[PDB]
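S.K.: Quick one: this structure, given as structure tokens, is what I'll be asking you about.
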Amino acid sequence: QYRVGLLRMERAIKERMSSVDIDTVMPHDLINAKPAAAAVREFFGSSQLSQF
Amino acid sequence: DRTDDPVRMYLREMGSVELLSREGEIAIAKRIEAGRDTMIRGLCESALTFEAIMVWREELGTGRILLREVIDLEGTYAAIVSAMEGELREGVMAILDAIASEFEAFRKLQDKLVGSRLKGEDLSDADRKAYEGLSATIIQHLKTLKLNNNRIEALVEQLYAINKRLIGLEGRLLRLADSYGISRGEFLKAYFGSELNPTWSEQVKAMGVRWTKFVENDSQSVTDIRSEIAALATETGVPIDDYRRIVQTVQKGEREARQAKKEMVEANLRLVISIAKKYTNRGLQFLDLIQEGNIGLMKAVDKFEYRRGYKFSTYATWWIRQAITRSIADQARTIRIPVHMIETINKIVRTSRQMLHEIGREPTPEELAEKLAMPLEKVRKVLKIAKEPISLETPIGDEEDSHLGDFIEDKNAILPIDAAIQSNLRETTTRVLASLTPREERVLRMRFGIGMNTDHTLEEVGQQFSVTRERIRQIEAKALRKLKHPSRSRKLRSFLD
Amino acid sequence: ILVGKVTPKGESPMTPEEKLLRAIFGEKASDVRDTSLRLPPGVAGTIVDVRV
Amino acid sequence: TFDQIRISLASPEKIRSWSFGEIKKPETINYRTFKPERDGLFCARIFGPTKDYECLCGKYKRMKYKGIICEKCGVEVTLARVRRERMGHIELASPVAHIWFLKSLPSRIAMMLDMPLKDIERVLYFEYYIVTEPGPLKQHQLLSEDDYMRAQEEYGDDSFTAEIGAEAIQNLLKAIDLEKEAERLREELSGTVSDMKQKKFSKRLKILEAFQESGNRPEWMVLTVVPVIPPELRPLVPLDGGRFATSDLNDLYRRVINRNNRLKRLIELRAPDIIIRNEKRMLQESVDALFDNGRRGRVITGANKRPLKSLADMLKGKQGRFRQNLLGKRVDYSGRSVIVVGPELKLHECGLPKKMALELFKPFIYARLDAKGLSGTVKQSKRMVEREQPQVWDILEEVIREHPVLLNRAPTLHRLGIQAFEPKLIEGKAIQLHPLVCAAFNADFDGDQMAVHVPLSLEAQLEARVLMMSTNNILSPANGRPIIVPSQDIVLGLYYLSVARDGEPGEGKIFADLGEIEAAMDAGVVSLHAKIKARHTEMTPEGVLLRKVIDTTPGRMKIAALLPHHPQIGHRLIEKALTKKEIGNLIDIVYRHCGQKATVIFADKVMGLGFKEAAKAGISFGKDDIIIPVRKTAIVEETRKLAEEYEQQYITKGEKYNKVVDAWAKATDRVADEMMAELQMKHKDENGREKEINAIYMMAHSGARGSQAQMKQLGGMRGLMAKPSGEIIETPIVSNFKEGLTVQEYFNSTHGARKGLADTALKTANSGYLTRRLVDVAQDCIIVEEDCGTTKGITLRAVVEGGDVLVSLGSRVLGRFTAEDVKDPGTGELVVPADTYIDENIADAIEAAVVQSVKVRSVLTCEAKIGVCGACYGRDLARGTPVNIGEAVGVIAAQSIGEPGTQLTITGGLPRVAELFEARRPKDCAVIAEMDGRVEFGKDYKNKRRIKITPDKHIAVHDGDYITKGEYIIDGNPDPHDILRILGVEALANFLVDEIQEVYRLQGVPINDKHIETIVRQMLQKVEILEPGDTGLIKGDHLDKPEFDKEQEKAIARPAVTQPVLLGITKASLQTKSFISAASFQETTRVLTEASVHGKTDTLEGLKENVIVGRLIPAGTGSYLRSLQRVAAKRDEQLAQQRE
Ligand SMILES: [Mg+2]
Ligand SMILES: [Zn+2]
Ligand SMILES: [Zn+2]
């Protein structure tokens, strides 16, 4: 599930890096963190394996 | 090969059918400009459009809307804000003052031509020459005036309505005359050269036996009704034999412009398809997002000139992004959150993400109010705004049984116990009121209403019994203090809780 | 009563009999609705910890 | 009031009339204030005020105005109940095809104009344009390219027009007329072969006659305006935590509103022709998903990932009218508590916890406090019972005196699952249930929450006392066996009391009365081994019988004194060992000869007697209780040595089977038989008196909990475990549970037992499905007529296998009225009259002489127009009395057939019953012969011999042999459909009954034949109409149509004849007259469309119809009230005829 979240984050970073230039760019400014923690939250929030 | 999918079907039409217009954007823009030029040329002619635009412009300039409603301010100084507004206003006023006489002469010539066509005599003693001379001046004045599209829209609508009425009349005449051996395409050719004489159906029986039968007892009344409708519509708007070709050419120009716009849209829809991939899972389906961004794409072609950077790619992507963000902010939360509130919550979440990325742990909601330079109480109400209403059919256990909808309580359903106290409070009140005076009990009940739900005030219940004064309030206070003893108010002491 | 929850709300539906009873007893209609948490039917009894 | 609910196509004008405001914005409420929007899914002026008589903007929230509408908000002031009834409509910019009619099994939209759904689905999605008004350009050419649209249009630019999409399909439906199409199909169906085209022509003519007869226009499947469910149905209540909980339908309606607004904006904006048609396609897909959501791509909500349910998805699953909404209503006034044994209570008294009786009888407690004067007002009463004052407990015991409460066990498989009990305010918090009644409930006390219900009405409180009482549910509805028989403890006590041994103290010591036995037992002179003589009245002959000094025992006298005084019963029944089967026959004979009061009192006494004599007996299980056979090690060694002699040379499969069947499968009953023989022998002590009988042997012989298989598994050889495919294990497993099983043998045991455990949890699901199918196919089978005018009946023959009888003929025919008077063989003496009830005496007289099958009137031969008769169902299985009018005979039979489930079993037991009830063609379809005498050869080279007509693959007959009708070529598993097509209907019924009986006997659950007879009759409610004229329907049809159609044709003349067709229990709802009965458990997207386009109106004649509708059931007390209503209406009509 973290690999799925990382694939989503990679898609987001690929969609966002085309707009923001890489030369003189603020570090880690295009990498998102919502789908990273959202995947583990769903895994521990309402997953069938983490049900109880 | 049944796909059974709207998304796939939409993609197939765009791909297997539509071809990406490469380096043809500028050509489509030039075609749209040519269509607009054709529409303007058809509009500025001898008809009701030139008279309506001239008569409407006569009141403008001094006491009516002179700029921003008749002629575009940008189009005036485009070939040449406060200085440009007054400069174009004086020029438009001078043009109207110089073209008023030309418009009057053109209207007189049109009236004379309509009279000659309705009577039968052909006005050839320089009448047509004077009419053309008066119309050319008005056309040249309107073309160089660089008017706006506001009145142009109403003129095109009126022209389309008149053309639809004329087409309906012609179709009715063709259906009435083509019973035996007549056709529909010959009606226009007959009415173009046999419209001056009133007995058009009678003086057109040169050859053919079916024509006589269609004119006698077949369409003799239909042709008269059509001629009467045409004569009534000539005075209401533009005359006949001159507005027909004008509306035809303006409709052709509008059709060409619409075809160019549709071609540019279909040759760019792939763009919208490509842009609708980053907004997926934001409250709208993929095909829904595509067909919503199509609205913004069509709105972009309406304003697309030959400015710097003629590539329509950037403009199209900006407009699709604005249309998706304008629609995703509305049909995504199930509550129709406003667009500005959606952008505010997006700014708040972006600030929170940047703080988590750079500063560290999650900041307090009170800190986000000052981090964005906004009111502290406004940020407290921005969050907790029902971000996503959970589905009422979601599962509650390990299986898909007993969803959340079956466990939600009801805060409005009157419980049977609370109805029990209602019925008994209706019984316990009728018993306590049975000990009071009959008229006094009646007026007290009218003060609130046991059987009648119309709760009357003090004076309203006063008029029903005696003179509306403090006597009713006095008797009400006496009654209220009456049933306060342990004998009368015994079963009610445990009723108020 | 476990924790008294006082929740402000709007004016409840003014019924005639209830208004008459309130005027008789002189009290005023409480604008707040009772929402205090209560123990369900059981033999719970004692309270171990009350974290706020 | 209301009655006769009818459904049909929703007209756009009628849909607009239903609604109160057109919604044009997909906005439910505001983000700041939680109020409904102006025009959206949640509206005030469109669906009513959100508060009870509280208009918007606080203008008319005083309730003084009831019909006044607001000015700024425009919402009319009305209570919140109107917000759930007010509907809405969405006038779409373009039409949309209904998902139920477009995408389904029968393409109801494709049946119009004879166009397949594969092309109708393409013309709707704007893929292939359709041609209209042709005049080159053939009608329905289905062209997509613009060549024929524009290039081919260059013929004068006149008379060239075609449309595409939902509007095109709507215009196509409008063009086709019902009358002309039906007339054209009538001549196309008659006077022609109609080989392949008939299959579609029949459905098309049926749909056309439904549209024409019902009055629905053909162009109504596609709807321009979609009605919206009221906002109260799909709520948006604010959940705890500020997160709103919007219903699934709210998101679908929001999507539909968004699509409609987008289409309206595109049309008004003059969008490209490929985007507007694509917008119409998106709107059509959204409307499809909003109705069913299954036929489309399963559009998921934007927030959650679960498939969004729709108006069809709700009705399908349990969460709609199927289970959650209508049938399985979460009834209040109920209680669920763990149950405990109640042996101190009577059979008609269940223990009720004091903490639960208050919450259950709150209104009754309030009424008792108000009538008694203890509480002044209802609020004061609620304040009294809320604190559980000491003065309310005395009122609770007074209110619960004769008010029976329905005891509802978690799983119910028959009508005895809901039994009303006179509650007793027992201490604790557990329902003190009676031990004798929990066996009928299927509820042991190892943890079984028995949901308790309280009837509120005076009739329901009295209905639970006349029918739902435990005393009236003695005999189970499955067969004529009492279900109140002692299961485990009372049977063990009676067996210990009835076991007689020649060696014991007090041999032949004659006693005076019954009390003398106990007086001597308390003195230690006489034991309880039942070997002492005394006096007792048997009461065998007519009238009172003298107190004859019987040679019986003391132990059997304690049970004999509990037997009521009546002829044909007495100590003669207690003379046996008094096992579970014998004690059940004793409770059956006491009920069969004596009344129910004496039967229930004897059951109550024997339970207390068995309990008192079982605890004082000391039946504790011990190490020496399960005695391992001493002759076991030697036999195991000899078996394992014989398993090695033939294994030396070795075929391996033959040697294995010799070592697993003849080696371990054989001699495993030999060791078990030796163990049983060593356990049966009564060991005699040195003093000449036997020590005691083994407690495990007592439990096995009495039938309480033991058995031969369980005995062998516990102390015997344990048998051989199973495999995943079903094969028997070949390894030696020689160890009993009394001994230590090693790891491998116990692993094999848990490999063979987990299969049966899953069958108890997996096959039980099939049992529940079969029970659901049976009660919904037999719901209409309700006894209404006492005696019908029919004389023919089904023949009941005692089934026999080998050389012995499997079931006695006196038991199979018991409780059924005979059709013709049975004649005793040998001498022509009428042993039973023609049309009289078969009492137990008549059954005994019939079984006294060997007789063949007797003509018995059954529900199958019922000539009653509606429901089932009374003289055909025979005797109700509840008691010995005959069946009375109003009983749900079909529901009782369905429950009796579903009760053997969860313990049945492919074709083993449960799957075979499901296959026979559904009437499916088995894996080896058998073909009946129907030929008499010689049989010829079929056609030449047609891949099979279909049939040979001689009027005057694998084969089992010859080419010239004389074949007789009845012998059909098959290797087994015949087909009931072929049985009906070739053989009679009574023969198919007998075959089904014998098959079900053989299955239930192989499993061990005896079920009465009539319970299968009613199901078979309900499966035969359809008859194929072979009428050559006056009716073009050849497929199956309800019998009421030939009852009415065949009678109407005679008033105009062609004779009409129809052969009965048999359809499965699942297919009963496919052609049933009522749609609510069929749309309840069957698929809701096909029966509704089959009833909507047909205009099927529910007359509420069945049971499931009134249950869903909420009205009184037409069966039982509801049946009697319906009869009273009918007679009152007749009396009112007669009175009206008196005054002109
Ligand atoms: Mg149990
Ligand atoms: Zn209002
Ligand atoms: Zn009958």
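Letters A, B, ... go to the chains of the structure tokens in the order shown; residues in each chain start at 1; ligands are counted from 1 in the same order.
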Near segment 17-34 of chain C, within 9 Å and counting only C-alpha atoms, which residues show up once chain neighbours fewer than 5 positions away are dropped, as an NGL selection string?

M.R.: (:B and (422 or 425-426 or 429 or 448-450 or 479-484 or 489 or 492-493 or 495-496)) or (:C and (4-12))

S.K.: Using only C-alpha atoms and all ligand atoms, find each protein or nucleic acid residue lying at most 6 Å from ligand 1; present the set as a list in words.

M.R.: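 I would give the residues around ligand 1 as residues 443, 444, 445, 446, 447 and 448 of chain D.
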
S.K.: For the selection just defined, write its residues with C-alpha atoms to a file, as a PDB file, in the first residue's frame.

M.R.:
ATOM      1  CA  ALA D 443     -32.094 -23.143  20.916  1.00  0.00           C
ATOM      2  CA  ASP D 444     -29.728 -24.904  23.274  1.00  0.00           C
ATOM      3  CA  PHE D 445     -28.380 -22.999  26.289  1.00  0.00           C
ATOM      4  CA  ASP D 446     -24.747 -22.914  25.147  1.00  0.00           C
ATOM      5  CA  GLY D 447     -25.370 -19.262  24.247  1.00  0.00           C
ATOM      6  CA  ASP D 448     -28.468 -18.497  22.177  1.00  0.00           C
TER       7      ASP D 448
END

S.K.: Using only C-alpha atoms and all ligand atoms, what does the table of chain D residues within 8 Å of ligand 3 look like, with each row giving the shortest atom pair and its distance in Å to one decimal, sorted by chain and ascending number, as JSON lines?

M.R.:
{"residue": "D:785", "atom": "CA", "partner": "ligand 3", "partner_atom_place_in_ligand_line": "1 (Zn)", "distance": 7.8}
{"residue": "D:787", "atom": "CA", "partner": "ligand 3", "partner_atom_place_in_ligand_line": "1 (Zn)", "distance": 7.0}
{"residue": "D:788", "atom": "CA", "partner": "ligand 3", "partner_atom_place_in_ligand_line": "1 (Zn)", "distance": 5.1}
{"residue": "D:789", "atom": "CA", "partner": "ligand 3", "partner_atom_place_in_ligand_line": "1 (Zn)", "distance": 7.6}
{"residue": "D:790", "atom": "CA", "partner": "ligand 3", "partner_atom_place_in_ligand_line": "1 (Zn)", "distance": 6.4}
{"residue": "D:857", "atom": "CA", "partner": "ligand 3", "partner_atom_place_in_ligand_line": "1 (Zn)", "distance": 7.3}
{"residue": "D:858", "atom": "CA", "partner": "ligand 3", "partner_atom_place_in_ligand_line": "1 (Zn)", "distance": 6.8}
{"residue": "D:859", "atom": "CA", "partner": "ligand 3", "partner_atom_place_in_ligand_line": "1 (Zn)", "distance": 5.5}
{"residue": "D:860", "atom": "CA", "partner": "ligand 3", "partner_atom_place_in_ligand_line": "1 (Zn)", "distance": 7.3}
{"residue": "D:861", "atom": "CA", "partner": "ligand 3", "partner_atom_place_in_ligand_line": "1 (Zn)", "distance": 5.8}
{"residue": "D:862", "atom": "CA", "partner": "ligand 3", "partner_atom_place_in_ligand_line": "1 (Zn)", "distance": 2.8}
{"residue": "D:863", "atom": "CA", "partner": "ligand 3", "partner_atom_place_in_ligand_line": "1 (Zn)", "distance": 5.1}
{"residue": "D:864", "atom": "CA", "partner": "ligand 3", "partner_atom_place_in_ligand_line": "1 (Zn)", "distance": 5.5}
{"residue": "D:868", "atom": "CA", "partner": "ligand 3", "partner_atom_place_in_ligand_line": "1 (Zn)", "distance": 5.9}
{"residue": "D:869", "atom": "CA", "partner": "ligand 3", "partner_atom_place_in_ligand_line": "1 (Zn)", "distance": 4.2}
{"residue": "D:870", "atom": "CA", "partner": "ligand 3", "partner_atom_place_in_ligand_line": "1 (Zn)", "distance": 6.7}
{"residue": "D:871", "atom": "CA", "partner": "ligand 3", "partner_atom_place_in_ligand_line": "1 (Zn)", "distance": 6.3}
{"residue": "D:872", "atom": "CA", "partner": "ligand 3", "partner_atom_place_in_ligand_line": "1 (Zn)", "distance": 4.8}
{"residue": "D:873", "atom": "CA", "partner": "ligand 3", "partner_atom_place_in_ligand_line": "1 (Zn)", "distance": 7.5}

S.K.: Could you tell me, counting only C-alpha atoms and all ligand atoms, which protein and nucleic acid residues lie no more than 7 Å from ligand 2, written as a count of residues only?

M.R.: 12

S.K.: In Å, rounded to a single decimal, give me how far atom CA of residue 200 of chain B is from atom CA of residue 221 of chain B.

M.R.: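 Atom CA of residue 221 of chain B sits 12.4 Å away from atom CA of residue 200 of chain B.
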
S.K.: Rank nothing, just name the residue among B:157, B:418, B:399, B:45 nearest to residue 49 of chain A, using only C-alpha atoms.

M.R.: B:399

S.K.: Need to verify the contact set: segment 4-17 of chain B, 10 Å, only C-alpha atoms, exclusion of same-chain residues closer than 4 positions in sequence. Can you return it as a PyMOL selection string?

M.R.: (chain B and resi 266-270+273+285-288+290-291) or (chain D and resi 121-122+125-127+274-275+277-279+281-286+295-297)

S.K.: Could you save those same residues with C-alpha atoms as a compact mmCIF listing (two decimals), in the first residue's frame?

M.R.:
# COMPACT_ATOMS: atom_id res chain seq x y z
CA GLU B 266 -12.79 18.93 -31.89
CA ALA B 267 -9.18 19.46 -32.97
CA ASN B 268 -8.31 20.38 -29.39
CA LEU B 269 -10.56 18.18 -27.26
CA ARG B 270 -7.59 15.84 -26.91
CA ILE B 273 -8.62 14.99 -22.26
CA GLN B 285 -15.54 11.60 -13.03
CA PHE B 286 -13.04 11.72 -15.87
CA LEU B 287 -15.56 12.12 -18.69
CA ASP B 288 -17.53 14.56 -16.54
CA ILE B 290 -13.65 16.50 -19.78
CA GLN B 291 -17.15 17.61 -20.79
CA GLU D 121 -27.62 0.50 -27.36
CA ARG D 122 -25.47 1.97 -30.15
CA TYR D 125 -25.00 6.26 -27.17
CA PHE D 126 -24.80 8.43 -30.32
CA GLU D 127 -22.40 5.98 -31.99
CA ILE D 274 -20.00 15.87 -30.98
CA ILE D 275 -19.92 17.40 -27.49
CA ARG D 277 -24.33 14.31 -28.17
CA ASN D 278 -21.47 13.26 -25.89
CA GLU D 279 -23.04 15.38 -23.14
CA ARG D 281 -24.50 10.27 -23.55
CA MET D 282 -22.93 11.27 -20.23
CA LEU D 283 -26.33 12.35 -18.89
CA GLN D 284 -27.82 9.06 -20.07
CA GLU D 285 -25.08 7.08 -18.32
CA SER D 286 -25.61 9.11 -15.15
CA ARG D 295 -25.73 -2.46 -16.03
CA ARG D 296 -23.28 0.44 -16.43
CA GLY D 297 -19.59 0.59 -15.52

S.K.: Tell me the residues of chain B close to chain A, meaning within 9 Å using only C-alpha atoms, as a PyMOL selection string.

M.R.: chain B and resi 278+353-354+356-358+397-399

S.K.: Go ahead and compute the interatomic distance for atom CA of residue 464 of chain B and atom CA of residue 77 of chain D, in Å to one decimal.

M.R.: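 So the answer is 26.7 Å.
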
S.K.: When the cut-off is 9 Å and we count only C-alpha atoms, which residues of chain C are near chain D, given as a PyMOL selection string?

M.R.: chain C and resi 13-15+41

S.K.: So that I can check the surroundings of residue 3 of chain C, please list as a VMD selection string every protein, DNA and RNA residue that reaches within 9 Å of it, counting only C-alpha atoms and ignoring chain neighbours fewer than 5 positions away.

M.R.: chain C and resid 36 to 38

S.K.: Could those selected residues go to a file with C-alpha atoms, as a PDB file, in the first residue's frame?

M.R.:
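Listing of result-v7.pdb after writing:
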ATOM      1  CA  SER C  36     -25.651  15.347  28.395  1.00  0.00           C
ATOM      2  CA  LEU C  37     -24.055  11.924  28.044  1.00  0.00           C
ATOM      3  CA  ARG C  38     -25.636   9.201  30.174  1.00  0.00           C
TER       4      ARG C  38
END

S.K.: So what do you get for atom CA of residue 666 of chain D versus atom CA of residue 751 of chain D, distance-wise?

M.R.: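 Between atom CA of residue 666 of chain D and atom CA of residue 751 of chain D the gap works out to 21.4 Å.
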
S.K.: Please, which residues of segment 990-1068 of chain D, numbered as in this document, come out strand (DSSP E) from DSSP, as a PDB file with N, CA, C and O atoms, in the first residue's frame?

M.R.:
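Heads up, here's the output in out-v5.pdb:
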ATOM      1  N   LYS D1022     -48.592 -22.657 -13.281  1.00  0.00           N
ATOM      2  CA  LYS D1022     -48.505 -22.186 -14.654  1.00  0.00           C
ATOM      3  C   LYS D1022     -48.877 -23.309 -15.611  1.00  0.00           C
ATOM      4  O   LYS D1022     -48.562 -24.477 -15.365  1.00  0.00           O
ATOM      5  N   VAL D1023     -49.549 -22.950 -16.702  1.00  0.00           N
ATOM      6  CA  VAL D1023     -49.977 -23.909 -17.713  1.00  0.00           C
ATOM      7  C   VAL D1023     -49.704 -23.315 -19.088  1.00  0.00           C
ATOM      8  O   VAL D1023     -50.097 -22.178 -19.367  1.00  0.00           O
ATOM      9  N   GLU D1024     -49.028 -24.080 -19.941  1.00  0.00           N
ATOM     10  CA  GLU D1024     -48.746 -23.627 -21.298  1.00  0.00           C
ATOM     11  C   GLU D1024     -50.041 -23.575 -22.099  1.00  0.00           C
ATOM     12  O   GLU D1024     -50.761 -24.575 -22.197  1.00  0.00           O
ATOM     13  N   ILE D1025     -50.338 -22.412 -22.671  1.00  0.00           N
ATOM     14  CA  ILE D1025     -51.575 -22.201 -23.413  1.00  0.00           C
ATOM     15  C   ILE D1025     -51.347 -22.641 -24.854  1.00  0.00           C
ATOM     16  O   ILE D1025     -50.654 -21.966 -25.618  1.00  0.00           O
ATOM     17  N   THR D1058     -55.106 -26.506 -22.590  1.00  0.00           N
ATOM     18  CA  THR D1058     -53.800 -26.093 -22.094  1.00  0.00           C
ATOM     19  C   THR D1058     -53.209 -27.209 -21.250  1.00  0.00           C
ATOM     20  O   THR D1058     -53.880 -27.738 -20.359  1.00  0.00           O
ATOM     21  N   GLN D1059     -51.958 -27.562 -21.531  1.00  0.00           N
ATOM     22  CA  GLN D1059     -51.324 -28.591 -20.718  1.00  0.00           C
ATOM     23  C   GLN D1059     -50.544 -27.951 -19.572  1.00  0.00           C
ATOM     24  O   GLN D1059     -49.852 -26.948 -19.776  1.00  0.00           O
ATOM     25  N   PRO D1060     -50.638 -28.507 -18.366  1.00  0.00           N
ATOM     26  CA  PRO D1060     -49.950 -27.898 -17.222  1.00  0.00           C
ATOM     27  C   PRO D1060     -48.439 -28.020 -17.353  1.00  0.00           C
ATOM     28  O   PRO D1060     -47.909 -29.071 -17.718  1.00  0.00           O
ATOM     29  N   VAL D1061     -47.750 -26.923 -17.048  1.00  0.00           N
ATOM     30  CA  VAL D1061     -46.295 -26.860 -17.091  1.00  0.00           C
ATOM     31  C   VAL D1061     -45.778 -26.692 -15.672  1.00  0.00           C
ATOM     32  O   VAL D1061     -46.407 -26.021 -14.845  1.00  0.00           O
TER      33      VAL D1061
END

S.K.: So which residues touch segment 382-387 of chain B within 12 Å, counting only C-alpha atoms, skipping near sequence neighbours fewer than 4 positions away, as a PyMOL selection string?

M.R.: (chain B and resi 282-283+329+332-338+340-349+352+364-366+368-369+374-378) or (chain D and resi 29-34+236-246+303)

S.K.: Since we have the selection now, will you write its residues out, keeping C-alpha atoms, as a short mmCIF file (atom, residue, chain, number, x, y, z; two decimals), in the first residue's frame?

M.R.:
data_model
loop_
_atom_site.label_atom_id
_atom_site.label_comp_id
_atom_site.auth_asym_id
_atom_site.auth_seq_id
_atom_site.Cartn_x
_atom_site.Cartn_y
_atom_site.Cartn_z
CA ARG B 282 -11.44 15.39 -7.06
CA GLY B 283 -15.24 15.04 -6.91
CA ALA B 329 -15.00 23.60 -6.44
CA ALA B 332 -17.32 17.87 -5.45
CA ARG B 333 -18.26 18.34 -1.77
CA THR B 334 -21.99 17.40 -2.08
CA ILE B 335 -22.82 20.77 -0.44
CA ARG B 336 -21.78 23.12 -3.29
CA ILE B 337 -19.01 24.94 -1.45
CA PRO B 338 -18.34 28.35 -3.05
CA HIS B 340 -13.65 31.37 -3.24
CA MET B 341 -14.09 29.19 -0.15
CA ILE B 342 -12.70 26.23 -2.09
CA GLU B 343 -9.65 28.28 -3.07
CA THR B 344 -9.28 29.48 0.53
CA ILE B 345 -9.37 25.92 1.88
CA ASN B 346 -6.90 24.89 -0.84
CA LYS B 347 -4.56 27.70 0.24
CA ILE B 348 -4.96 26.59 3.86
CA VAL B 349 -4.16 22.95 3.08
CA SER B 352 -0.31 23.23 6.19
CA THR B 364 -2.31 24.66 15.28
CA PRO B 365 -5.45 25.98 13.54
CA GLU B 366 -4.96 29.31 15.32
CA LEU B 368 -2.80 29.08 10.21
CA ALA B 369 -5.02 32.15 10.65
CA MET B 374 -6.44 36.51 7.57
CA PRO B 375 -8.81 36.82 10.53
CA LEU B 376 -8.22 34.31 13.30
CA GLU B 377 -11.92 33.49 13.66
CA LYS B 378 -12.41 33.06 9.90
CA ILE D 29 -27.45 22.85 1.55
CA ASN D 30 -25.17 25.78 2.36
CA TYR D 31 -21.67 25.44 3.77
CA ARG D 32 -22.27 28.17 6.38
CA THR D 33 -25.91 27.53 7.35
CA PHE D 34 -27.28 23.97 7.23
CA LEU D 236 -28.14 14.42 4.99
CA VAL D 237 -28.25 14.29 8.79
CA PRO D 238 -25.23 15.84 10.54
CA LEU D 239 -23.36 12.95 12.14
CA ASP D 240 -21.43 13.24 15.40
CA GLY D 241 -18.20 14.99 14.46
CA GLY D 242 -19.41 17.60 11.98
CA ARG D 243 -19.21 15.09 9.09
CA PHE D 244 -22.50 14.89 7.21
CA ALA D 245 -23.75 11.42 6.28
CA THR D 246 -25.31 11.83 2.84
CA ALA D 303 -15.04 10.26 -2.07
#
